[PDB]
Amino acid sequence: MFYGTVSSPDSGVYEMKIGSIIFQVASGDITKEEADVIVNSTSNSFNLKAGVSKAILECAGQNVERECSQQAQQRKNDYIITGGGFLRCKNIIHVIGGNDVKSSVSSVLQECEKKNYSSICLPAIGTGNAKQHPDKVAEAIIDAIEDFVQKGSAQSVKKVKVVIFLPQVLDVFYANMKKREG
């Protein structure tokens, strides 16, 4: 009802259409990417500095670190939105790695529509310090995008890219895409 064909537009990048959205996966360093939103996978305190979160906070810089801990004290947040700091993005959305991944991605998509943003880049949320299983994480991320498309919600969002630190985790995402393809 929704899925196109899996192909490779550039070495190590794989893509398919999900409705009108181009969904891509690649291995590499997410802090090198340009997108309207970059997603950080962090702790319930929004102050983790391990794995992906270490790279994101170091390169985004101290003003983003401070914005996070200011919002964390204000209220109980499922996620928080900051500026992009010295990353190549307009905003960073910091999600909790241990939370339901489908719910986290659904929230990211809705926030991007609210800002009329077109591009998103995320890590394999939950596979770092939270130790969620890669197969379950891939299924959840792609399910969130399918649900968004099915509800007719895709308007401004055109591209969703997962940049994955470990090549072995990329292989799991690729297999999940092949299972779904038209």
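Note that residue numbering begins at 1 and tracks the sequence as displayed.
Chemist: Would you mind comparing 160 to 168 and 8 to 16 for me and telling me which has the higher average C-alpha temperature factor in the entry?
Modeler: If you average the C-alpha B-factors of 160 to 168 and of 8 to 16, the larger mean comes out for 8 to 16.
Chemist: On average, are the C-alpha B-factors higher in 27 to 35 or in 114 to 122?
Modeler: Taking the mean C-alpha B-factor of 27 to 35 and of 114 to 122, the larger value falls to 27 to 35.
Chemist: In terms of CA temperature factor as recorded, identify the highest of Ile93, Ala72, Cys89, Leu109.
Modeler: Each of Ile93, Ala72, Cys89, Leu109 was compared by C-alpha B-factor; the highest is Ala72.
Chemist: Where does the C-alpha B-factor of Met1 rank in its chain, lowest, middle or highest third?
Modeler: Answer is highest: the recorded C-alpha B-factor places it there.
Chemist: Can you tell me which third, lowest, middle or highest, the CA B-factor of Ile141 falls into for its chain?
Modeler: It falls in the bottom third of the chain.
Chemist: Lowest, middle or highest third of the chain for the C-alpha temperature factor of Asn77?
Modeler: Its C-alpha B-factor belongs to the highest third of this chain's values.
Chemist: Please rank the C-alpha B-factors of the chain's modelled residues and tell me whether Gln132 sits in the lowest, middle or highest third.
Modeler: As the PDB entry reports it, the C-alpha B-factor of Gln132 lands in the middle third of its chain.
Chemist: Could you look up the Cα B-factor of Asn40 in the entry and say which third of the chain it sits in: lowest, middle or highest?
Modeler: Lowest third of the chain for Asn40's C-alpha B-factor.
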